[PDB]
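Listing of query_37.txt; format and content: compact mmCIF, N, CA, C and O atoms.
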```
# COMPACT_ATOMS: atom_id res chain seq x y z
N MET A 1 130.64 83.54 -203.82
CA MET A 1 131.69 82.55 -204.09
C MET A 1 132.28 82.03 -202.78
O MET A 1 132.30 82.73 -201.78
N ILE A 2 132.71 80.78 -202.79
CA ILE A 2 133.38 80.17 -201.66
C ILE A 2 134.64 79.51 -202.20
O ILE A 2 134.60 78.76 -203.19
N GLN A 3 135.75 79.71 -201.52
CA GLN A 3 136.88 78.85 -201.79
C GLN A 3 137.41 78.24 -200.52
O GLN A 3 137.47 78.87 -199.44
N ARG A 4 137.73 76.94 -200.63
CA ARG A 4 138.15 76.11 -199.53
C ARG A 4 139.28 75.23 -200.00
O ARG A 4 139.14 74.55 -201.04
N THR A 5 140.37 75.21 -199.27
CA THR A 5 141.59 74.43 -199.56
C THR A 5 141.29 72.94 -199.35
O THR A 5 140.72 72.59 -198.33
N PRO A 6 141.68 72.06 -200.28
CA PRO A 6 141.48 70.62 -200.07
C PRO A 6 142.24 70.07 -198.88
O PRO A 6 143.42 70.44 -198.66
N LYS A 7 141.58 69.16 -198.19
CA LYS A 7 142.23 68.24 -197.26
C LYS A 7 142.72 67.07 -198.12
O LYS A 7 142.05 66.64 -199.05
N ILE A 8 143.93 66.58 -197.84
CA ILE A 8 144.56 65.55 -198.65
C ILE A 8 145.06 64.43 -197.76
O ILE A 8 145.90 64.66 -196.86
N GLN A 9 144.54 63.23 -198.00
CA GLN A 9 144.94 62.03 -197.23
C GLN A 9 145.39 60.95 -198.18
O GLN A 9 144.69 60.66 -199.16
N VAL A 10 146.53 60.29 -197.88
CA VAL A 10 147.12 59.29 -198.75
C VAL A 10 147.36 58.03 -197.92
O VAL A 10 148.05 58.07 -196.89
N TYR A 11 146.77 56.94 -198.34
CA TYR A 11 146.76 55.74 -197.51
C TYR A 11 146.43 54.55 -198.35
O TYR A 11 145.79 54.68 -199.41
N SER A 12 146.84 53.37 -197.89
CA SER A 12 146.57 52.14 -198.60
C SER A 12 145.31 51.52 -198.02
O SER A 12 144.90 51.83 -196.89
N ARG A 13 144.65 50.69 -198.81
CA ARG A 13 143.41 50.05 -198.34
C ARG A 13 143.71 49.09 -197.20
O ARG A 13 142.90 48.95 -196.25
N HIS A 14 144.82 48.36 -197.34
CA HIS A 14 145.27 47.39 -196.32
C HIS A 14 146.65 47.78 -195.88
O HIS A 14 147.35 48.49 -196.62
N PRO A 15 147.05 47.29 -194.69
CA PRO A 15 148.46 47.56 -194.36
C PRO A 15 149.40 46.93 -195.44
O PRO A 15 149.05 45.92 -196.05
N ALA A 16 150.53 47.56 -195.76
CA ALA A 16 151.33 47.11 -196.94
C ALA A 16 152.23 45.88 -196.72
O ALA A 16 152.81 45.73 -195.66
N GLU A 17 152.37 45.03 -197.76
CA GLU A 17 153.39 43.94 -197.81
C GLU A 17 153.94 43.69 -199.25
O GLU A 17 153.20 43.54 -200.23
N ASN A 18 155.26 43.58 -199.41
CA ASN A 18 155.79 43.46 -200.76
C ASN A 18 155.32 42.14 -201.38
O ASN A 18 155.30 41.11 -200.71
N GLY A 19 154.92 42.18 -202.64
CA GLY A 19 154.41 41.02 -203.37
C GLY A 19 152.89 40.91 -203.38
O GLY A 19 152.30 40.38 -204.32
N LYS A 20 152.26 41.40 -202.33
CA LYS A 20 150.83 41.30 -202.25
C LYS A 20 150.19 42.51 -202.87
O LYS A 20 150.52 43.62 -202.57
N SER A 21 149.24 42.26 -203.74
CA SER A 21 148.52 43.35 -204.33
C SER A 21 147.91 44.17 -203.18
O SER A 21 147.66 43.66 -202.07
N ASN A 22 147.71 45.44 -203.45
CA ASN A 22 147.05 46.38 -202.50
C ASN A 22 146.39 47.47 -203.33
O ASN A 22 146.35 47.34 -204.56
N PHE A 23 145.83 48.48 -202.67
CA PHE A 23 145.29 49.67 -203.34
C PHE A 23 145.83 50.89 -202.65
O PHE A 23 145.87 50.94 -201.42
N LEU A 24 146.25 51.87 -203.44
CA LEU A 24 146.73 53.15 -202.91
C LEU A 24 145.70 54.21 -203.17
O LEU A 24 145.31 54.43 -204.32
N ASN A 25 145.32 54.93 -202.12
CA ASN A 25 144.23 55.90 -202.17
C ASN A 25 144.71 57.31 -201.94
O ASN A 25 145.56 57.55 -201.07
N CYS A 26 144.16 58.24 -202.72
CA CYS A 26 144.18 59.65 -202.39
C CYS A 26 142.77 60.08 -202.14
O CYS A 26 141.92 60.02 -203.02
N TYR A 27 142.53 60.54 -200.93
CA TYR A 27 141.21 61.09 -200.58
C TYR A 27 141.37 62.60 -200.44
O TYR A 27 142.03 63.06 -199.51
N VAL A 28 140.78 63.34 -201.39
CA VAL A 28 140.96 64.79 -201.48
C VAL A 28 139.58 65.37 -201.26
O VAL A 28 138.65 65.10 -202.02
N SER A 29 139.41 66.17 -200.22
CA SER A 29 138.07 66.51 -199.76
C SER A 29 137.93 67.93 -199.26
O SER A 29 138.89 68.59 -198.92
N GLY A 30 136.69 68.37 -199.14
CA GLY A 30 136.37 69.66 -198.58
C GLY A 30 136.78 70.86 -199.37
O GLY A 30 136.97 71.92 -198.82
N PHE A 31 136.90 70.70 -200.67
CA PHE A 31 137.38 71.78 -201.49
C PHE A 31 136.33 72.47 -202.32
O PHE A 31 135.33 71.91 -202.67
N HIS A 32 136.62 73.71 -202.62
CA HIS A 32 135.81 74.52 -203.50
C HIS A 32 136.69 75.64 -204.04
O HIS A 32 137.46 76.18 -203.34
N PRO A 33 136.62 76.01 -205.36
CA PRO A 33 135.69 75.34 -206.29
C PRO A 33 136.10 73.90 -206.65
O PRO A 33 137.12 73.42 -206.23
N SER A 34 135.28 73.23 -207.44
CA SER A 34 135.53 71.85 -207.83
C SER A 34 136.70 71.64 -208.80
O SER A 34 137.18 70.55 -208.91
N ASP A 35 137.14 72.70 -209.47
CA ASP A 35 138.30 72.59 -210.35
C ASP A 35 139.51 72.14 -209.52
O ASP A 35 139.81 72.75 -208.49
N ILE A 36 140.21 71.09 -209.96
CA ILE A 36 141.36 70.58 -209.22
C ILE A 36 142.18 69.67 -210.12
O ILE A 36 141.68 69.17 -211.09
N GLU A 37 143.44 69.49 -209.74
CA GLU A 37 144.34 68.58 -210.43
C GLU A 37 144.92 67.67 -209.32
O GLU A 37 145.45 68.19 -208.32
N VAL A 38 144.79 66.37 -209.49
CA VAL A 38 145.21 65.40 -208.48
C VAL A 38 145.94 64.26 -209.19
O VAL A 38 145.38 63.63 -210.06
N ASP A 39 147.18 64.02 -208.80
CA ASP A 39 147.97 62.90 -209.36
C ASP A 39 148.59 62.07 -208.27
O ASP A 39 149.01 62.58 -207.26
N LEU A 40 148.65 60.76 -208.50
CA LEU A 40 149.49 59.89 -207.71
C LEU A 40 150.89 59.87 -208.38
O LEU A 40 150.98 59.82 -209.63
N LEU A 41 151.93 59.90 -207.55
CA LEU A 41 153.32 59.87 -208.00
C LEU A 41 153.99 58.58 -207.53
O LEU A 41 153.82 58.18 -206.37
N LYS A 42 154.74 57.93 -208.43
CA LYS A 42 155.54 56.78 -208.06
C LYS A 42 156.99 57.19 -208.32
O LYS A 42 157.36 57.45 -209.45
N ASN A 43 157.79 57.28 -207.27
CA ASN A 43 159.17 57.75 -207.39
C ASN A 43 159.27 59.07 -208.12
O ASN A 43 160.11 59.24 -208.99
N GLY A 44 158.36 59.98 -207.79
CA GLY A 44 158.33 61.32 -208.33
C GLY A 44 157.62 61.49 -209.64
O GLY A 44 157.45 62.62 -210.12
N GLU A 45 157.24 60.37 -210.25
CA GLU A 45 156.69 60.37 -211.61
C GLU A 45 155.19 60.09 -211.59
O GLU A 45 154.69 59.19 -210.87
N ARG A 46 154.45 60.88 -212.37
CA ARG A 46 152.99 60.75 -212.41
C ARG A 46 152.57 59.35 -212.90
O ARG A 46 153.08 58.83 -213.92
N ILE A 47 151.66 58.74 -212.13
CA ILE A 47 151.07 57.46 -212.51
C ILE A 47 149.93 57.73 -213.48
O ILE A 47 148.92 58.37 -213.14
N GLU A 48 150.09 57.22 -214.70
CA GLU A 48 149.14 57.50 -215.78
C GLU A 48 147.79 56.82 -215.58
O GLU A 48 146.74 57.46 -215.72
N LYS A 49 147.81 55.52 -215.32
CA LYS A 49 146.54 54.80 -215.17
C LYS A 49 146.17 54.70 -213.70
O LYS A 49 146.80 53.96 -212.92
N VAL A 50 145.17 55.47 -213.31
CA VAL A 50 144.61 55.38 -211.96
C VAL A 50 143.18 54.92 -212.16
O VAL A 50 142.33 55.69 -212.57
N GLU A 51 142.97 53.62 -211.93
CA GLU A 51 141.77 52.87 -212.27
C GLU A 51 140.45 53.47 -211.80
O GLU A 51 139.45 53.44 -212.56
N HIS A 52 140.43 53.97 -210.57
CA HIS A 52 139.16 54.32 -209.95
C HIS A 52 139.12 55.77 -209.46
O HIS A 52 140.13 56.33 -208.95
N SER A 53 137.92 56.36 -209.63
CA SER A 53 137.60 57.71 -209.21
C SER A 53 136.15 57.75 -208.74
O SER A 53 135.22 57.66 -209.57
N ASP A 54 135.96 57.86 -207.42
CA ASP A 54 134.64 58.09 -206.85
C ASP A 54 134.64 59.54 -206.38
O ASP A 54 135.65 60.01 -205.87
N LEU A 55 133.54 60.26 -206.57
CA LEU A 55 133.54 61.70 -206.35
C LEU A 55 132.14 62.28 -206.35
O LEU A 55 131.24 61.75 -206.99
N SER A 56 131.99 63.40 -205.65
CA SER A 56 130.69 64.07 -205.53
C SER A 56 130.83 65.38 -204.80
O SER A 56 131.83 65.65 -204.13
N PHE A 57 129.77 66.17 -204.86
CA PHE A 57 129.61 67.27 -203.92
C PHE A 57 129.08 66.74 -202.59
O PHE A 57 128.26 65.76 -202.56
N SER A 58 129.53 67.34 -201.51
CA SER A 58 129.02 67.09 -200.16
C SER A 58 127.81 68.00 -199.86
O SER A 58 127.57 68.98 -200.59
N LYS A 59 127.11 67.72 -198.77
CA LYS A 59 125.97 68.54 -198.35
C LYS A 59 126.35 70.00 -198.17
O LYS A 59 125.55 70.88 -198.50
N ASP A 60 127.57 70.27 -197.67
CA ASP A 60 128.00 71.64 -197.39
C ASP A 60 128.43 72.40 -198.64
O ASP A 60 128.85 73.56 -198.53
N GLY A 61 128.33 71.77 -199.80
CA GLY A 61 128.67 72.44 -201.07
C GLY A 61 130.10 72.24 -201.52
O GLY A 61 130.46 72.68 -202.61
N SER A 62 130.93 71.68 -200.65
CA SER A 62 132.32 71.37 -201.02
C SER A 62 132.33 70.04 -201.80
O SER A 62 131.31 69.36 -201.92
N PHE A 63 133.50 69.71 -202.34
CA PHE A 63 133.66 68.56 -203.27
C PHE A 63 134.65 67.59 -202.63
O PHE A 63 135.58 68.00 -201.92
N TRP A 64 134.47 66.31 -202.93
CA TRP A 64 135.43 65.28 -202.54
C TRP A 64 135.68 64.32 -203.68
O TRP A 64 134.82 64.11 -204.55
N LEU A 65 136.87 63.70 -203.67
CA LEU A 65 137.32 62.73 -204.67
C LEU A 65 138.08 61.63 -203.95
O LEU A 65 138.89 61.95 -203.09
N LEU A 66 137.81 60.37 -204.28
CA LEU A 66 138.66 59.24 -203.87
C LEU A 66 139.26 58.71 -205.16
O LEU A 66 138.60 58.12 -206.01
N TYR A 67 140.57 58.91 -205.28
CA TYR A 67 141.37 58.59 -206.44
C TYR A 67 142.28 57.45 -206.03
O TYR A 67 143.06 57.57 -205.09
N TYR A 68 142.18 56.32 -206.70
CA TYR A 68 142.95 55.15 -206.25
C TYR A 68 143.24 54.17 -207.32
O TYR A 68 142.62 54.17 -208.42
N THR A 69 144.23 53.31 -207.02
CA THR A 69 144.60 52.26 -207.99
C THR A 69 145.21 51.10 -207.31
O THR A 69 145.74 51.23 -206.22
N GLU A 70 145.15 49.96 -207.98
CA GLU A 70 145.83 48.78 -207.53
C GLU A 70 147.32 49.03 -207.61
O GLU A 70 147.80 49.64 -208.55
N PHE A 71 148.05 48.61 -206.58
CA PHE A 71 149.51 48.68 -206.60
C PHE A 71 150.11 47.53 -205.78
O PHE A 71 149.47 47.01 -204.86
N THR A 72 151.32 47.14 -206.11
CA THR A 72 152.02 46.14 -205.34
C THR A 72 153.24 46.85 -204.80
O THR A 72 154.18 47.16 -205.56
N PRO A 73 153.22 47.20 -203.50
CA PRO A 73 154.39 47.89 -202.97
C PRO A 73 155.66 47.05 -203.07
O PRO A 73 155.60 45.81 -203.14
N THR A 74 156.79 47.75 -203.11
CA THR A 74 158.09 47.09 -203.06
C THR A 74 158.91 47.86 -202.04
O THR A 74 158.45 48.84 -201.47
N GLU A 75 160.12 47.40 -201.79
CA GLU A 75 160.96 48.05 -200.78
C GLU A 75 161.33 49.46 -201.12
O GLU A 75 161.40 50.34 -200.25
N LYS A 76 161.56 49.62 -202.38
CA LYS A 76 162.23 50.79 -202.83
C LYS A 76 161.35 51.81 -203.56
O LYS A 76 161.84 52.85 -204.01
N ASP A 77 160.08 51.58 -203.71
CA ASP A 77 159.18 52.52 -204.36
C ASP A 77 158.58 53.47 -203.33
O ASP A 77 158.10 53.03 -202.27
N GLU A 78 158.65 54.76 -203.62
CA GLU A 78 157.96 55.76 -202.80
C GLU A 78 156.77 56.37 -203.55
O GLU A 78 156.85 56.67 -204.76
N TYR A 79 155.68 56.60 -202.83
CA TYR A 79 154.48 57.13 -203.40
C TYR A 79 154.05 58.41 -202.72
O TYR A 79 154.30 58.62 -201.54
N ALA A 80 153.37 59.26 -203.50
CA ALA A 80 152.87 60.54 -202.97
C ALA A 80 151.70 60.98 -203.83
O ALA A 80 151.47 60.43 -204.91
N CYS A 81 150.99 61.98 -203.32
CA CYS A 81 149.92 62.60 -204.02
C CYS A 81 150.29 64.06 -204.27
O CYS A 81 150.76 64.74 -203.35
N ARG A 82 150.10 64.52 -205.51
CA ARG A 82 150.34 65.92 -205.87
C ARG A 82 149.06 66.59 -206.27
O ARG A 82 148.32 66.10 -207.19
N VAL A 83 148.73 67.67 -205.58
CA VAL A 83 147.47 68.37 -205.77
C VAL A 83 147.71 69.80 -206.13
O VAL A 83 148.55 70.47 -205.50
N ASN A 84 147.00 70.30 -207.16
CA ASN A 84 146.99 71.72 -207.43
C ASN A 84 145.55 72.24 -207.39
O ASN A 84 144.62 71.51 -207.80
N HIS A 85 145.38 73.45 -206.86
CA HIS A 85 144.06 74.03 -206.64
C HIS A 85 144.27 75.52 -206.51
O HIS A 85 145.33 75.99 -206.13
N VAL A 86 143.23 76.28 -206.84
CA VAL A 86 143.37 77.74 -206.85
C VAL A 86 143.75 78.30 -205.46
O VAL A 86 144.39 79.35 -205.34
N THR A 87 143.39 77.60 -204.39
CA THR A 87 143.70 78.00 -203.07
C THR A 87 145.15 77.79 -202.65
O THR A 87 145.56 78.24 -201.59
N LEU A 88 145.92 77.06 -203.48
CA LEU A 88 147.29 76.70 -203.15
C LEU A 88 148.26 77.53 -203.96
O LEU A 88 148.10 77.64 -205.17
N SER A 89 149.29 78.07 -203.31
CA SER A 89 150.22 78.94 -203.96
C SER A 89 151.20 78.16 -204.82
O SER A 89 151.79 78.70 -205.74
N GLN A 90 151.38 76.88 -204.50
CA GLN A 90 152.22 75.97 -205.28
C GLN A 90 151.60 74.57 -205.12
O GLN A 90 150.80 74.36 -204.20
N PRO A 91 151.98 73.62 -205.97
CA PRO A 91 151.42 72.27 -205.84
C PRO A 91 151.75 71.71 -204.45
O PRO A 91 152.85 71.96 -203.93
N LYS A 92 150.80 70.99 -203.87
CA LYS A 92 150.96 70.37 -202.55
C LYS A 92 151.28 68.88 -202.76
O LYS A 92 150.51 68.19 -203.38
N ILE A 93 152.40 68.42 -202.20
CA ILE A 93 152.78 67.02 -202.27
C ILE A 93 152.65 66.38 -200.88
O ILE A 93 153.26 66.84 -199.91
N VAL A 94 151.85 65.32 -200.83
CA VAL A 94 151.65 64.59 -199.57
C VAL A 94 152.16 63.17 -199.77
O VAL A 94 151.67 62.48 -200.66
N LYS A 95 153.17 62.80 -199.00
CA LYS A 95 153.76 61.48 -199.14
C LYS A 95 152.86 60.41 -198.53
O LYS A 95 152.15 60.65 -197.56
N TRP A 96 152.94 59.23 -199.10
CA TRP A 96 152.39 58.04 -198.47
C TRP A 96 153.38 57.50 -197.46
O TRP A 96 154.57 57.31 -197.77
N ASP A 97 152.88 57.20 -196.30
CA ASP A 97 153.66 56.61 -195.23
C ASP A 97 153.07 55.31 -194.72
O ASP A 97 151.92 55.27 -194.30
N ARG A 98 153.85 54.24 -194.69
CA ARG A 98 153.47 53.07 -193.90
C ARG A 98 154.55 53.09 -192.80
O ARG A 98 155.72 53.24 -193.14
N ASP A 99 154.21 52.98 -191.50
CA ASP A 99 152.83 52.73 -191.01
C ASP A 99 151.64 53.31 -191.81
O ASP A 99 151.02 54.33 -191.45
```

Using structure tokens, write down the structure that the file contains.
Amino acid sequence: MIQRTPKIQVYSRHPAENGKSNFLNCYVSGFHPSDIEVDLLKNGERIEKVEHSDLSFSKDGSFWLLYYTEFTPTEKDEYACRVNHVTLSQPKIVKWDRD
């Protein structure tokens, strides 16, 4: 058996501007086993519809997921990614930051 803690990156496809559509990405990678729970949060609340999920095993046997959705940032909305995995003692929250 192998277990490996996910790497978690949260970033937009383009630099952000209010009014302009964009995409918010969670790239969760290098983990094992493949069982995992990954949510995008908007103002602390789970985003139900996350349009896209690209995912696979890597050559090294670990797993990766790109979890993303269209979003239009505003001044006052904060976003984060919440991940749970057997390697984590509690859920891991990674905030989105622009820059």

Exercise. Name the residues, using the chain letters and numbers of the file, that sit within 12 Å of (161.9, 47.7, -205.1) when counting only C-alpha atoms, and give them as a PyMOL selection string.
Key: chain A and resi 17-19+42-43+72-78

Self-check item: Pairwise distance for atom N of residue A:54 and atom C of residue A:68, rounded to one decimal in Å
Solution: 8.2 Å

Practice problem: Identify which of the residues A:10, A:16, A:2, A:88 lies closest to residue A:31, counting only N, CA, C and O atoms when measuring atom-to-atom distances. | Solution: A:2

Practice problem: Enter the distance from atom CA of residue A:81 to atom CA of residue A:1, in Å, rounded to one decimal. | Solution: 27.0 Å

Practice problem: Counting only N, CA, C and O atoms, figure out which residue out of A:28, A:46, A:55, A:33 gets nearest to residue A:85. | Solution: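 Looking only at the distances to residue A:85, the closest residue turns out to be A:33.
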
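The coordinates place atom O of residue A:89 at 22.8 Å from atom N of residue A:67.
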
Quiz prompt | Contacts of residue A:45 at 7 Å (only N, CA, C and O atoms; same-chain gap of 4+ positions) as a PyMOL selection string | solution = chain A and resi 40-41+78+80

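Using only C-alpha atoms for every distance, the candidate list A:4, A:95, A:12, A:20 yields A:4 as the residue closest to residue A:34.
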
Quiz item: If you run DSSP on this backbone, which residues of chain A come out as strand (DSSP E or B), and could you give them as a ChimeraX atom specification?
Solution: /A:4,7-12,22-32,37-42,45-46,52-57,63-71,79-84,92-95

Quiz item: Nearest to residue A:50: which of A:94, A:66, A:86, A:8 is it, counting all atoms listed in the file?
Solution: A:66

Practice problem: Give me the residues within 6 Å of residue A:37 as a list in words, counting all atoms listed in the file and dropping any in the same chain fewer than 2 places off. | Solution: residues 35, 39, 82, 83, 84 and 85 of chain A

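Using only N, CA, C and O atoms, the smallest distance between any of A:11, A:79, A:96, A:57 and residue A:27 comes from A:11.
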
Quiz item: From the set A:9, A:87, A:53, A:69, which residue has the shortest atom-to-atom contact distance to residue A:32, counting only C-alpha atoms?
Solution: A:87
